[PDB]
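Just so you know, these numbers use all the heavy atoms, side chains as well, and skip hydrogens, waters and symmetry mates. Counting begins at 1 with the first residue of the sequence.
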Amino acid sequence: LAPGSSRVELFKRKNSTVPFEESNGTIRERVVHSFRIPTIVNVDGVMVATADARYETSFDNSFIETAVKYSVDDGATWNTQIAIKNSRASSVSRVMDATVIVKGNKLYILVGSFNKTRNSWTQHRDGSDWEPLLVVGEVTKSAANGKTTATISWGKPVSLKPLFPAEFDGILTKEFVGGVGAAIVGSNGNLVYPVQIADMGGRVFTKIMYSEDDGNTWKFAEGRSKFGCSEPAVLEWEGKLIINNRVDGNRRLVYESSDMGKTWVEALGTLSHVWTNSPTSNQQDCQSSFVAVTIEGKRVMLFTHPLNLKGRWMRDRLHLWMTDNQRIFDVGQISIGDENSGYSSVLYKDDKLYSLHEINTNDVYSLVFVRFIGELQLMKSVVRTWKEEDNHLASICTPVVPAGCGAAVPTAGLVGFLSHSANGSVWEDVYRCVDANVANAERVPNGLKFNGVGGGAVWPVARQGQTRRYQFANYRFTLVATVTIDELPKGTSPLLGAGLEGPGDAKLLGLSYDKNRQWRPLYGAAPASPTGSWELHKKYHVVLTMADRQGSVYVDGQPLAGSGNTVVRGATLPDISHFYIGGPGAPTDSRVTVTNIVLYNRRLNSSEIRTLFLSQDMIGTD
Ligand SMILES: *[C@@H]1O[C@H](CO)[C@@H](O)[C@H](O)[C@H]1NC(C)=O
Ligand SMILES: *[C@@H]1O[C@H](CO)[C@@H](O)[C@H](O)[C@H]1NC(C)=O
Ligand SMILES: *[C@@H]1O[C@H](CO)[C@@H](O)[C@H](O)[C@H]1NC(C)=O
Ligand SMILES: *[C@@H]1O[C@H](CO)[C@@H](O)[C@H](O)[C@H]1NC(C)=O
Ligand SMILES: *[C@@H]1O[C@H](CO)[C@@H](O)[C@H](O)[C@H]1NC(C)=O
């Protein structure tokens, strides 16, 4: 948790009481073992915190009801209710795993309802013990002489089981449940629930379930995730749904849909596979909140997830990340120390940031309500850096080309930039997300001159480790740089490129230079053959382009021979380890100077490339 921030144990295990309604109408304040599966939203000015009240144990297959606490004063005071009762059919009847949408003064809560099974939903023989319940709550804010008040009234649950198809694409269905957490109203006003479906064979997958009529009718859109995806979270970004999935035992898959879920496309060029379940990716995953907000005038996405360094369900070290779909910033750790956390929720309201999330000691759970003061401070500062650098680059007057200013310096898809700030061991991302590691370097305007064994910089890709923010490059990238060759090499020496994980010294795409003053572009595993001519100490503009498994290398805005060649074979995505600049076993000593290294998450077109070539003395940070 950041300095300056703080929290309270709002739903306190074996302590906080909820108004249990006995079968005869009588109401008793009953203690609750664990409070799990939180969501905190904002309804017309009132904070609403929704959660599972697991009365007797933290287990999934036990007696559970949906609790709510709400507040009209930003958390100085809360009222408590049980918003959805379970069926009371057996000692394990439960309503659970709330997914929530806020529209106007209304809340739509979808929960899974179970009567008497003792095993988990994906393991059921059929769907006979199960019902997906939709519940509508309505917020009414009055007040009085100087003090606002509020009530929330909860409707009777409605079963959506009759709307569930028996098959999808021939897949026989068994059960479905909301993806957990806060979902959305689309800009077109649709109610949008990401849902998780279990088929008869116990496979899990996700889909979009939505309403164009404020919840009167619902439709299952045609698309879906791969099998293995669960607890999906969704938000809307630039006219598309982004569906961020839990994936136990592997990296998190993210999809985009431009047609209200009818068709899904893996977000390979942005967010898919960036996040995961643990350092090694082979552990059970955890729910994440994924929410779009506007900070300092800019739309960004917030994502929460544990590092889970302990593994299994411990889910320690809950982090918060912020992304504009290009840069990905780790705001930091919001849980405390090495405590076990778990499921979470984040909410930006009246320019204040909060979280409601689990804490777990010995599998007894509480929900803490957190005021992210320091986090928001850091968020605003980085949003300001992003806006300011983008506006500055977009405002440069570039040379008009023969057919007051030419095309703008491209900023769409601009992910990272290494320019003037640097020291002998770190080259700073102007965008403050991913720095490069440096050795044997001395500073020059807008970059670094390398001299010494291993002189160069490593801009980590897979080397980022657990969270892989440059994962997009395995699908497509543009890497740009301005270089001079300072001293002739003995034979061949590296200048710039994308190296690969694995045995060997392999590259996906790159450029080297040789003792005959020729270029040596590297296209995948093919033998380099020299081409062209350069001169010592002359400035060259270099651009590497990778898309559709193809690579091109440009010098001075013109492609070198071999460009357009296939750089990888097969269906498996490349696994880039890093980008190298200079020559970071063999005692490589590349005597070069490189400035203004720019990284894009897409293949720049030919005229964009020319714009960068013509404006290279204009983009540096100084
Ligand atoms: C519940 O927690 C509060 C806050 O610390 C404490 O005052 C109270 O003693 C607790 N009640 C129980 C049952 O221990
Ligand atoms: C309703 O049932 C509960 C269960 O014990 C009991 O405590 C309560 O007093 C009952 N009230 C009435 C009016 O029968
Ligand atoms: C669960 O039990 C309740 C109460 O008896 C009943 O109304 C409901 O239909 C049952 N649900 C299912 C899935 O049959
Ligand atoms: C170098 O500066 C970077 C930021 O430029 C910083 O992380 C580090 O403390 C500095 N010292 C080193 C490692 O040379
Ligand atoms: C390349 O992109 C620029 C900026 O996106 C665009 O205006 C232009 O039409 C594109 N040119 C080509 C070669 O299609």
Side-chain angles (χ1 to χ4, degrees), residues 1-5 270-271 274-275 292-305 307 319-334 346 348 353 372-390 392-396 409-438 441 443 445-448 457-461 463-473 477-481 578-579 581 594-601 619-621:
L1 183 59
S5 301
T270 51
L271 296 181
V274 165
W275 291 287
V293 304
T294 294
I295 297 166
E296 207 99 340
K298 173 177 216 211
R299 205 47 174 184
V300 292
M301 291 179 267
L302 303 189
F303 173 79
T304 55
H305 194 113
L307 298 188
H319 268 248
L320 166 64
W321 287 261
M322 177 184 270
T323 177
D324 68 349
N325 217 210
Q326 311 175 150
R327 307 97 191 201
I328 299 177
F329 188 78
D330 178 5
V331 178
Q333 186 178 302
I334 74 199
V346 299
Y348 186 57
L353 184 62
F372 289 147
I373 303 336
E375 285 90 5
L376 181 54
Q377 183 177 56
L378 178 63
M379 287 153 75
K380 286 193 184 177
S381 170
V382 356
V383 165
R384 287 202 295 269
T385 288
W386 296 351
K387 283 170 76 207
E388 293 172 3
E389 182 62 20
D390 280 347
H392 166 74
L393 298 159
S395 290
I396 286 169
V409 178
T411 54
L414 203 170
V415 165
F417 186 27
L418 305 178
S419 190
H420 195 74
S421 312
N423 68 8
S425 73
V426 177
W427 198 347
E428 301 192 324
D429 182 3
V430 167
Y431 286 82
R432 308 171 63 183
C433 288
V434 179
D435 297 336
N437 313 290
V438 169
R443 304 187 66 193
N446 291 320
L448 266 0
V458 171
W459 208 359
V461 179
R463 290 183 191 177
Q464 291 182 27
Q466 170 166 8
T467 296
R468 302 185 169 192
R469 294 179 283 158
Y470 286 179
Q471 176 65 20
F472 64 81
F477 64 89
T478 298
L479 180 67
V480 186
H578 64 294
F579 296 106
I581 304 148
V594 183
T595 50
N596 293 142
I597 301 194
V598 195
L599 173 58
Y600 295 83
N601 62 9
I619 60 167
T621 65

N/O donor-acceptor pair under 3.5 Å between [X] side chain and [Y] backbone:
X: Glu375; Y: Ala2; value: yes
X: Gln326; Y: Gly413; value: yes
X: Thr621; Y: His420; value: yes
X: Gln464; Y: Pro460; value: yes

State, with a plain yes or no, whether a side-chain heavy atom of [X] is found less than 4.5 Å away from one of [Y].
X: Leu353; Y: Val293; answer: no
X: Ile334; Y: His319; answer: no
X: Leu448; Y: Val594; answer: no
X: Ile295; Y: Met322; answer: yes
X: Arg463; Y: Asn437; answer: no
X: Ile373; Y: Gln377; answer: no
X: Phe417; Y: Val598; answer: yes

Rounded distance [0.5 Å steps], [atom1] in [X] versus [atom2] in [Y]:
X: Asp330; Y: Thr323; atom1: CG; atom2: OG1; answer: 12.0 Å
X: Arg384; Y: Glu296; atom1: CZ; atom2: CD; answer: 4.5 Å
X: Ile619; Y: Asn446; atom1: CD1; atom2: CG; answer: 8.0 Å
X: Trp275; Y: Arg469; atom1: CH2; atom2: CZ; answer: 10.0 Å
X: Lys298; Y: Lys387; atom1: NZ; atom2: NZ; answer: 9.0 Å
X: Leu599; Y: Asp429; atom1: CG; atom2: CG; answer: 9.0 Å

Go through the steps to decide whether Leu271 and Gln471 satisfy the test side chain to side chain contact (heavy atoms under 4.5 Å, CB included), and finish with yes or no.
CA-CA 8 Å; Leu271 296 181; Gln471 176 65 20; over 6 Å; no
Taking all non-hydrogen atoms of both residues into account, name the closest pair between [X] and [Y] and its distance.
X: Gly374; Y: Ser5; answer: N-OG, 3.0 Å
X: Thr294; Y: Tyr348; answer: O-CE2, 3.3 Å
X: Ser419; Y: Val430; answer: CB-CG2, 3.9 Å
X: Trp427; Y: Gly447; answer: CZ2-CA, 3.8 Å
X: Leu393; Y: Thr411; answer: CB-CG2, 3.8 Å

Around atom CD of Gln466, are there more than 12 heavy atoms from other residues, nucleotides or ligands closer than 6.0 Å?
yes
Go through the steps to decide whether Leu378 and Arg432 satisfy the test side chain to side chain contact (heavy atoms under 4.5 Å, CB included), and finish with yes or no.
CA-CA 11 Å; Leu378 178 63; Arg432 308 171 63 183; 4.0 Å; yes
Run the side chain to side chain contact (heavy atoms under 4.5 Å, CB included) check on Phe303 and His305 step by step: do they pass?
CA-CA 7 Å; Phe303 173 79; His305 194 113; 3.6 Å; yes
So among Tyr600, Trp459, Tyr431, which one has a ring-ring contact (aromatic ring centres under 6.0 Å, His included) with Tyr470?
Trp459
Can you sort out the partners of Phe477 under ring pair (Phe, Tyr, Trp, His ring centres under 6.0 Å), two or more places apart, ordered by chain and number?
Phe579
Should the pair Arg327-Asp390 be classified as a salt bridge under the 4.0 Å nitrogen-to-oxygen rule?
yes
Go through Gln333 and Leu307 one step at a time and tell me if the side chain to side chain contact (heavy atoms under 4.5 Å, CB included) criterion holds.
CA-CA 9 Å; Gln333 186 178 302; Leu307 298 188; 5.5 Å; no
Suppose we call two aromatic rings close when their centres sit under 6.0 Å apart. Are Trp386 and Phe329 close by that rule?
no
